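Asker: experimental structure below, sequence on top.
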Amino acid sequence: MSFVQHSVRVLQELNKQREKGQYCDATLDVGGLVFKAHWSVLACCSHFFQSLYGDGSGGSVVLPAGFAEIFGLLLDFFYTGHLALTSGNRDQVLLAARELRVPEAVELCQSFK
């Protein structure tokens, strides 16, 4: 009915789709670990993915294997708005946020205490 109700419905479906690898135009190969996602959503949060999209003419994205640990946390942030920081992962997440040019995640990492 409302736009808010519809927004929730769409985001819940986007999350479900990413988990199931459905209607996903982004394939991200992180050291043999394959993540499916939506460029629309990646480009929302990451300047790196905005830049990589280009004309859309593309292909899959192979990312450095080092991201495998915490890339899923970043994707979770893109899809939910929550960044699951801990004392143990903060520095790794901060580095990924820098490399992926995710200003909101940088700020959350810096303010983490």
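Answerer: Arrived safely, thanks for sending. Residues are numbered from 1 along each chain as shown.
Asker: can you tell me how far the residue lying closest to residue 69 once chain neighbours are set aside is from residue 85?
Answerer: Closest residue to residue 69 apart from its sequence neighbours, by CB to CB, 6 or more residues apart in numbering: residue 92 at 6.4 Å. From N, CA and C alone the C-beta is placed, and that goes for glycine too. Separation of residue 92 from residue 85 (CB to CB, to the nearest Å): 10 Å.
Asker: how about residue 102?
Answerer: For residue 102, the distance to residue 85 equals 13 Å [CB to CB].
Asker: so those two - more neighbours on which side?
Answerer: Taking other CB atoms under 10 Å, residue 102 and residue 85 do not tie; residue 102 has more neighbours (25 against 18).
Asker: that one contacts residue 44, doesn't it?
Answerer: No: assessed by CB atoms under 8 Å, residue 102 is found out of contact with residue 44, at 10.0 Å.
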